[PDB]
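# Structure assessment
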Amino acid sequence: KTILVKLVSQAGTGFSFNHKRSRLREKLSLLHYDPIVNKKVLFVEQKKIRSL
Amino acid sequence: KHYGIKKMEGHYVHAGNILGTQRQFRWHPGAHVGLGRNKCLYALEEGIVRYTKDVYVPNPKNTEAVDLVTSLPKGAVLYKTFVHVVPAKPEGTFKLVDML
Amino acid sequence: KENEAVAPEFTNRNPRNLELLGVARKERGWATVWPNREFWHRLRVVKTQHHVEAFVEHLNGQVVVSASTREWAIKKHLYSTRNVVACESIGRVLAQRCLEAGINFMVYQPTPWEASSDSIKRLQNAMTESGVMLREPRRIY
Amino acid sequence: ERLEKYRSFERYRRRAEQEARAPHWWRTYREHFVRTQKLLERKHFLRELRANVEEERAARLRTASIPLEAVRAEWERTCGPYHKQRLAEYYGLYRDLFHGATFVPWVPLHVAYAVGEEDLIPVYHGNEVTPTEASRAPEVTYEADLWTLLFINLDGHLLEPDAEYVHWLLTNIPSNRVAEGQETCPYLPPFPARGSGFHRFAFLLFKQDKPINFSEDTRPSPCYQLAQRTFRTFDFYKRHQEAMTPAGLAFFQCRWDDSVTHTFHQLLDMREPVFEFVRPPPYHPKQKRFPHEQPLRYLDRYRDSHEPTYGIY
RNA sequence: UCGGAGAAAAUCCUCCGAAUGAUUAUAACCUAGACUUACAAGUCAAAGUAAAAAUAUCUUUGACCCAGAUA
RNA sequence: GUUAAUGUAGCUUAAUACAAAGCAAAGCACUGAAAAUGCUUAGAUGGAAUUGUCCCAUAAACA
Ligand SMILES: [Mg+2]
Ligand SMILES: [Mg+2]
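Residues numbered from 1 in each chain as written, not as in the entry; some residues may be left out. Chains lettered and ligands numbered in written order. Part of a larger assembly, values for the part shown. Heavy atoms only, no water.

Structure determination for this entry is recorded as cryo-EM, at 2.91 Å resolution.

So, in structure tokens, the structure goes:
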């Protein structure tokens, strides 16, 4: 099974995007483009949306 | 669906027009013709479409083609069908703007 | 004023006017074949059993600048036809001919194993120090 | 199975490249887009060089070098004319000047533009020289023992495409001395217009059997009329093709420069023209009353002015 | 209902599969010109700009209304 | 003596030009072997015409 989760930007902005990960693995963290800051920054998982 | 040749040889083609659709590589990109991720073929310039046969040489890195190519007999080499568009206009000209 | 009569449209016929300006087309296809043909001028280095050669050819296929050990003057001053120094020398001979010819920008397409070859690296060193650029500038649309 | 199989990529590549050049019945990409004393002497030197241990040592120590100047002189004498011809045809000089006729260069002509007093810029085939560097006449030297030396602006004409301008023409040159030539045309600096690309300037040398009166060709001195600098090489050499055969070549490319403004103003005495490179307008299909499934931008592609209008109000 | 193979563009004709999963160095915005199509939905993409030092490959679901979640 | 001759380097009916060319073959390194790959090796027009026959060196059989 897999779960849809919400990755939140740690730049101080509220920008977020949804990604997929299997429920077995650990919480995700990633680098992604933040439009409001116009730079690549870290996105850290904060909440779970749904199970798919 | 309706996979086939959208533009036949000898037709005026504008930039962006799609020339062919294919599940597998029945035709290959040639001169001024690009590849779509779905493997469709579109024209990169305004001109006339042409179909021509030509020799095929693969990238060195890919294994499967190199293995086959070397294994071919000495006598001859394999061929393929290629698509090309022949540009029909000059990209620009010089004109008199001011006399100073 | 008779001298001030000028036609509305100028017509330069230099076969290299647009190419130098950077506003000339380079073929952009050949995505299933090697090598890419998106070059104004390309350098081909050929190694034979007994001789080593190098050519500069335009897209149409005409050779413009050529240096080869087959040339008499080169060999008489050359100890060996197939040497690392010979590769450096033939490159240096080619470099001077290019500069006078005016071909300041060029592209090279070394295959992986050939690229690893020490001699080719030496040849590239000869070209770059002479100031011939091995990558062309991007077209202006 | 009888035929052997290529053991390496390079063997296939070279064979394929040769295969492409050969003509084929099927359609192909190319169709649409297109003495003994010397030898005995030569062998002796090679054996001597091979015998020399020092040359072998230097080669394997990768310290050897070659004299460039000596090779250049040797190349000019041996097979330089063949290479020299290629450049002229590639740049279109033969087709534009002689209507396709070809003459092999033979005399290693030499020219250089004096810069200040210490240095002088050479003029090889295809070199780049600024108009400022060419303000004054150059030094010309060649091994001879009459001659005519000629200058052209192949693509610099401002009214007629075919015609070209002279800078200066010397006639009845005896042997090597050049001060004895008749100055039919006084010297002028290059004047390529702004934004008009690269112009090619050619140096021509013709062997003269017997001296010929060029009275018709002579231009007044000083002459600042462009109507008088215009000419054609093709017909000009036709009237003299009995006693004139070309034997030299040298050309260079020059762009616009600040001095060009001075030339157009001070002595040409006319306002300088400016040219710009214009691309053709973008193509758009015919406009429709109902553009089904097209974005709002569709209306913008066909409008001319960006500012609102109010009609009768 | 959707996709793949034969008949070969018909069938209640002969068969297999799908309502995902794995790895991802994380795949932006903007915009000529086209395919496909009754409508609705679905594909591909030059140039320009921006992050970096360009595309993630394997290869298949569900309108509107109406209720959610947080910032 | 007549044939038959064999006559650019293992091969080529490469070449006679602006080079005596291309290919085969060889050494070392690279570890299964081979191949590939990198760095290295050695060379010939008997000699002509005329080419797409002598010619003598040579030459078995004819003799
Ligand atoms: Mg629709
Ligand atoms: Mg783009």
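What follows continues from the structure just given.
### Things to note about the protein's contact with RNA strand F
Our working rule: For each residue, the test is whether any non-hydrogen atom lies within 4 Å of the molecule or strand; if one does, the residue is near. N or O atoms within 3.5 Å of each other form a polar contact, as long as, within protein, one can give a hydrogen and the other can take it, and as long as residues adjacent in sequence are counted only when both atoms are side-chain atoms. A run of H or I in DSSP counts as a helix once it spans at least four residues, and a run of E counts as a strand once it spans at least two, with each numbered from the N terminus.
For RNA strand F, the set of nearby residues contains 22 residues, the closest of which are C:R70, C:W72, C:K75, D:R11 and D:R35. Here RNA strand F approaches the protein such that, of its atoms within 4 Å, sugar and phosphate make up 62%. Within the contact set of RNA strand F, a phosphate oxygen lies 2.9 Å away from a side-chain nitrogen or oxygen of C:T48. D:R7 places a side-chain nitrogen or oxygen 3.1 Å from a phosphate oxygen of RNA strand F. Mapped by element, the contributors of at least two residues to the surface near RNA strand F are α2 (72-76) and α5 (118-130) of chain C.

### Observations concerning the protein's contact with RNA strand E
Rules: Basically, the charged four are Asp, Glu, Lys and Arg, the nonpolar ten are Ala, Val, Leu, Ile, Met, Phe, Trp, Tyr, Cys and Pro, and anything else, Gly included, counts as polar.
Neighbouring RNA strand E are 34 residues, the closest being A:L31, B:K1, B:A15, C:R138 and D:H284. Backbone sugar and phosphate groups make up 83% of those atoms of RNA strand E lying within 4 Å of the protein. At 3.0 Å, a side-chain N or O of B:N17 approaches a sugar or linking oxygen of RNA strand E. For RNA strand E, a phosphate oxygen lies 3.3 Å from a polar atom in the side chain of D:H292. The set of elements that each furnish at least two residues to the surface near RNA strand E consists of β2 (16-22), β3 (29-34) and β4 (39-51) of chain A. It is β3(A) that provides the largest number of residues to the surface near RNA strand E, a total of four residues. Across the surface near RNA strand E, the residue classes break down as eleven nonpolar, twelve polar and eleven charged.

### Brief notes about the packing of helix α5 (residues 68-78) of chain D against helix α6 (residues 80-90) of chain D
Residues and elements named next belong to chain D. So the rule is basically this: In this analysis an axis means a line fitted to C-alpha atoms, helices contributing only their contacting stretch, and an angle means the value between N-to-C directions, from 0 to 180 degrees. We call two directions roughly parallel when the angle between them is under 35 degrees, roughly antiparallel when it is over 145, roughly perpendicular when it lies between 65 and 115, and oblique otherwise. Between two residues, a contact is recorded if the distance between any of their heavy atoms is within 4.5 Å.
Running from amino to carboxyl end, α5 crosses α6 at an angle of 80 degrees, the nearest separation of the two axes being 5 Å. Considering the angle they form, α5 stands roughly perpendicular to α6. Between α5 and α6, the residues in contact are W75, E76 and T78 and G80, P81, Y82, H83 and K84, respectively. Considered class by class, the residues forming the contact of α5 with α6 number three nonpolar, three polar and two charged.

### Digging into the interface of chain C and chain D
Selection rule: Here's the idea: put two parts together, see how much 1.4 Å probe accessible area each one loses, and the total over both is what we call buried area. Whenever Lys or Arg places a side-chain nitrogen within 4 Å of a carboxyl oxygen from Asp or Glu, that contact is recorded as a salt bridge.
Taken together, the contacts link 57 residues of chain C with 66 residues of chain D. Together chain C and chain D conceal approximately 5600 Å² of surface at their shared face, both sides included; 53% is due to carbon and sulfur atoms. The partner of D:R271 in a salt bridge is C:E4, with the nearest N and O atoms 2.5 Å apart. At the junction of chain C and chain D, the tally comes to 25 residue pairs in polar contact. Of all elements in the fold, only α1 (17-21), β2 (41-47), β3 (52-58), β4 (63-68), α2, α3 (84-101) and α4 (112-116) of chain C reach the threshold of two or more residues within the side of chain C that touches chain D. The leading source of residues in the side of chain C that touches chain D is α3(C), at seven residues. Each residue belonging to the side of chain C that touches chain D can be placed in one class, and the counts come to 26 nonpolar, 15 polar and 16 charged.

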